[PDB]
Structures are given as C-alpha cells and as structure tokens.
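Engineer: Below you will find the structure I want to go over with you.
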Amino acid sequence: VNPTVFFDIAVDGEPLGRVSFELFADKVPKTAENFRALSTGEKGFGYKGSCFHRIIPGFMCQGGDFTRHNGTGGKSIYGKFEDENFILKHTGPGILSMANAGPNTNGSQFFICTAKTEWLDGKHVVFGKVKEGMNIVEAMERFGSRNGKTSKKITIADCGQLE
Amino acid sequence: XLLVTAXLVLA
Ligand SMILES: [Cl-]
Ligand SMILES: [Cl-]
C-alpha cells in the first residue's frame, strides 16, 4: 500500500495548514521510504522543523535540507542514493520529486511542483503527489520570489505519517 | 532557468 504523509506548515511560526502526500512506493519504493522515514523522524532525524529555503511562484517549493538549512546540505536514511527510475513524469501541480546535484545524488531535498515542470523529466525522480492541502501549497507559494528567497520563513512545524 | 539543484542554484 502507498503510504500517506503529512506536513504541518507554518509562516514565521504562524500555523498555516496541512499538506498530505501519497508516496508512490509501488513504483519507487526506495525513494518513497526515504521521504516517509524522514517525515516521521523514526530513524532519529528528519524534516520536522526544517524550512522551504527556495520557493519560486509558478514553479515549485523546495525543502528538505535539515543539516545546513539552506540547500547546501541534506542526507538520506541510507547514509546519497541512486536515481531509482524515471517512470513518473512532472505532469502538473502537486507533483513531489527529488532535488539533486546531477545523476545519483539523491539525499533528503525534494520539491513540490506548483505547475507542470516537464523540462525536469528524466533528471529528477518523481515519487509522490499532493493528496490534500494544495490550497496550503498555493498559500506557501505566495511567500516565494523569482530568485527563491522567501519573504517569511516557511517551515515544517510538524510532519508524520497518516496511513 | 527553473532548476531544483542541491549545491549550485543555476539559470
Ligand atoms: Cl486556504
Ligand atoms: Cl492563507
């Protein structure tokens, strides 16, 4: 069964709302498990309290750097890891996909698309989709800018698994 | 451009 995970988002500490994601463990099990475990914190580390350091309106929200807090850091539950496959494409808003530094450099950083990002197909591993709370993602998006810097700090105040 | 990288953010 494909797991469901949630982020509770805050804006400069003010609770905003919840975003939930279906993780496509049937197609990309290793990539899904990494995100799931980092979301629960069950390995002893993960996304809770980290920020979306880069948000570009009309494009995506990028987060998952819980080691350096600025996009330069990140670590998977495996100690980087391989691009599992490119079966799923960046088809529209709500797509959940891995940030990277080129081939086989998956860590913990990810992005939530707010539009179709077809130009990233074959280069970033898609592993989930927003299930509920796309309205919250759209609210987050408004705090971004062209260069990615956010006008208020957008944080994962809490995160975990629903199903 | 519009990229999602970890390390050098590019065009
Ligand atoms: Cl709303
Ligand atoms: Cl709002």
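By order of appearance in the structure tokens: chains A, B, ..., then residues from 1 within every chain, and ligands from 1 in the order shown.
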Residues of chain B within 7 Å of chain A, counting only C-alpha atoms - could you list those as a list in words?

Structural biologist: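 Matching residues, ligands excluded from the count: residues 4, 5, 6 and 7 of chain B.
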
Engineer: Using only C-alpha atoms and all ligand atoms, determine which residues fall within 10 Å of ligand 1, then list them as a ChimeraX atom specification.

Structural biologist: /A:16-18,133-139

Engineer: Considering only C-alpha atoms, return as a PyMOL selection string whatever protein or nucleic-acid residues lie within 7 Å of residue A:158, sequence-local ones (same chain, fewer than 5 positions apart) excluded.

Structural biologist: chain A and resi 7-8+48-49

Engineer: Could you pull the residues within 7 Å of residue B:10, counting only C-alpha atoms, minus those fewer than 2 positions along the same chain, as a list in words?

Structural biologist: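 The contact residues come out as residues 1, 3 and 8 of chain B.
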
Engineer: Go ahead and dump the residues you just picked, C-alpha atoms, as a PDB file, in the first residue's frame.

Structural biologist:
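And here's again-v1.pdb as it stands now:
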```
ATOM      1  CA  UNK B   1      16.162  28.974 -15.795  1.00  0.00           C
ATOM      2  CA  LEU B   3      16.042  24.173 -11.852  1.00  0.00           C
ATOM      3  CA  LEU B   8      24.891  25.431  -7.274  1.00  0.00           C
TER       4      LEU B   8
END
```

Engineer: Env of residue A:66: 7 Å cut, atoms = only C-alpha atoms, seq-sep filter 3 positions within chain, self excluded. Answer as a list in words.

Structural biologist: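 Neighbouring residues, sequence-local ones excluded: residues 46, 47, 50, 69 and 74 of chain A.
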
Engineer: Near residue A:118, counting only C-alpha atoms, which residues have an atom at most 10 Å away, once you skip same-chain residues fewer than 6 positions from it, shown as a ChimeraX atom specification?

Structural biologist: /A:89-92

Engineer: Could you save those same residues with N, CA and C atoms as a compact mmCIF listing (two decimals), in the first residue's frame?

Structural biologist:
```txt
# COMPACT_ATOMS: atom_id res chain seq x y z
N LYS A 89 6.50 11.20 -14.51
CA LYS A 89 6.91 12.48 -15.08
C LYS A 89 6.36 13.65 -14.27
N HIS A 90 6.91 14.83 -14.54
CA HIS A 90 6.47 16.06 -13.89
C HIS A 90 5.26 16.61 -14.67
N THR A 91 4.08 16.08 -14.35
CA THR A 91 2.88 16.29 -15.17
C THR A 91 2.04 17.53 -14.85
N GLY A 92 2.18 18.07 -13.65
CA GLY A 92 1.38 19.23 -13.25
C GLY A 92 1.61 19.65 -11.81
```

Engineer: DSSP on the backbone: what in stretch 1-73 of chain A comes out strand (DSSP E), as a list in words?

Structural biologist: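 Strand (DSSP E) members of stretch 1-73 of chain A, listed: residues 4, 5, 6, 7, 8, 9, 10, 11, 14, 15, 16, 17, 18, 19, 20, 21, 22, 23, 54, 55, 56, 60, 61, 62 and 63 of chain A.
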
Engineer: Save out the residues we just selected, C-alpha atoms, as a PDB file, in the first residue's frame.

Structural biologist:
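Below is the file that was written, out08.pdb:
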```
ATOM      1  CA  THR A   4       0.373   8.860   3.086  1.00  0.00           C
ATOM      2  CA  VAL A   5       2.426  11.504   4.883  1.00  0.00           C
ATOM      3  CA  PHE A   6       1.633  14.996   6.160  1.00  0.00           C
ATOM      4  CA  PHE A   7       3.425  18.308   6.648  1.00  0.00           C
ATOM      5  CA  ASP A   8       2.028  20.918   9.041  1.00  0.00           C
ATOM      6  CA  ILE A   9       3.240  24.217   7.589  1.00  0.00           C
ATOM      7  CA  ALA A  10       3.971  27.461   9.450  1.00  0.00           C
ATOM      8  CA  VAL A  11       4.758  31.006   8.243  1.00  0.00           C
ATOM      9  CA  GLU A  14       2.181  31.015  12.485  1.00  0.00           C
ATOM     10  CA  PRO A  15       0.339  27.749  11.735  1.00  0.00           C
ATOM     11  CA  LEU A  16      -0.949  27.814   8.138  1.00  0.00           C
ATOM     12  CA  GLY A  17      -2.329  24.346   7.396  1.00  0.00           C
ATOM     13  CA  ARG A  18      -1.620  20.743   6.449  1.00  0.00           C
ATOM     14  CA  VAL A  19      -0.353  19.250   3.190  1.00  0.00           C
ATOM     15  CA  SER A  20      -0.596  15.485   2.686  1.00  0.00           C
ATOM     16  CA  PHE A  21       1.165  13.401   0.033  1.00  0.00           C
ATOM     17  CA  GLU A  22       0.656   9.979  -1.495  1.00  0.00           C
ATOM     18  CA  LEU A  23       4.064   8.342  -1.946  1.00  0.00           C
ATOM     19  CA  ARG A  54      13.649  28.088  -2.033  1.00  0.00           C
ATOM     20  CA  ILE A  55      10.154  28.940  -3.311  1.00  0.00           C
ATOM     21  CA  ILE A  56       9.581  30.228  -6.846  1.00  0.00           C
ATOM     22  CA  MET A  60       7.806  24.842  -7.099  1.00  0.00           C
ATOM     23  CA  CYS A  61       8.535  24.833  -3.368  1.00  0.00           C
ATOM     24  CA  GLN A  62      11.894  23.260  -2.423  1.00  0.00           C
ATOM     25  CA  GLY A  63      12.795  21.908   1.021  1.00  0.00           C
TER      26      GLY A  63
END
```

Engineer: Report, in Å to a single decimal, how far apart atom CA of residue A:115 and atom CA of residue A:155 are.

Structural biologist: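 Between atom CA of residue A:155 and atom CA of residue A:115 the gap works out to 21.1 Å.
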
Engineer: Could you state the separation of atom CA of residue A:121 and atom CA of residue A:141 in Å, given to one decimal place?

Structural biologist: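 Going from atom CA of residue A:121 over to atom CA of residue A:141, I get 21.8 Å.
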
Engineer: Residues within 8 Å of residue A:25, please, as a ChimeraX atom specification. Count only C-alpha atoms; anything in the same chain fewer than 6 positions from it doesn't count.

Structural biologist: /A:1-3,31-33,127

Engineer: Quick one: write out the picked residues with N, CA, C and O atoms as a PDB file, in the first residue's frame?

Structural biologist:
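Contents of the output file selection-v4.pdb:
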```
ATOM      1  N   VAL A   1       0.849  -1.230   0.000  1.00  0.00           N
ATOM      2  CA  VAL A   1       0.000   0.000   0.000  1.00  0.00           C
ATOM      3  C   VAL A   1       0.869   1.260   0.000  1.00  0.00           C
ATOM      4  O   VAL A   1       1.866   1.336   0.722  1.00  0.00           O
ATOM      5  N   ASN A   2       0.490   2.237  -0.820  1.00  0.00           N
ATOM      6  CA  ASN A   2       1.199   3.515  -0.884  1.00  0.00           C
ATOM      7  C   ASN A   2       0.964   4.326   0.391  1.00  0.00           C
ATOM      8  O   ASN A   2      -0.185   4.613   0.733  1.00  0.00           O
ATOM      9  N   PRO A   3       2.047   4.691   1.105  1.00  0.00           N
ATOM     10  CA  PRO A   3       1.858   5.438   2.348  1.00  0.00           C
ATOM     11  C   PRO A   3       1.436   6.885   2.112  1.00  0.00           C
ATOM     12  O   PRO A   3       1.712   7.452   1.050  1.00  0.00           O
ATOM     13  N   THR A  31      12.916   5.373  -2.833  1.00  0.00           N
ATOM     14  CA  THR A  31      12.784   6.829  -2.774  1.00  0.00           C
ATOM     15  C   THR A  31      11.621   7.220  -1.856  1.00  0.00           C
ATOM     16  O   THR A  31      11.741   8.145  -1.049  1.00  0.00           O
ATOM     17  N   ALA A  32      10.506   6.503  -1.970  1.00  0.00           N
ATOM     18  CA  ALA A  32       9.342   6.732  -1.109  1.00  0.00           C
ATOM     19  C   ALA A  32       9.665   6.490   0.368  1.00  0.00           C
ATOM     20  O   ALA A  32       9.275   7.282   1.230  1.00  0.00           O
ATOM     21  N   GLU A  33      10.378   5.402   0.653  1.00  0.00           N
ATOM     22  CA  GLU A  33      10.723   5.047   2.033  1.00  0.00           C
ATOM     23  C   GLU A  33      11.600   6.110   2.699  1.00  0.00           C
ATOM     24  O   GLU A  33      11.401   6.446   3.870  1.00  0.00           O
ATOM     25  N   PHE A 127       8.295  10.869  -7.115  1.00  0.00           N
ATOM     26  CA  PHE A 127       7.947   9.789  -6.189  1.00  0.00           C
ATOM     27  C   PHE A 127       6.663   9.992  -5.374  1.00  0.00           C
ATOM     28  O   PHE A 127       6.362   9.186  -4.495  1.00  0.00           O
TER      29      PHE A 127
END
```
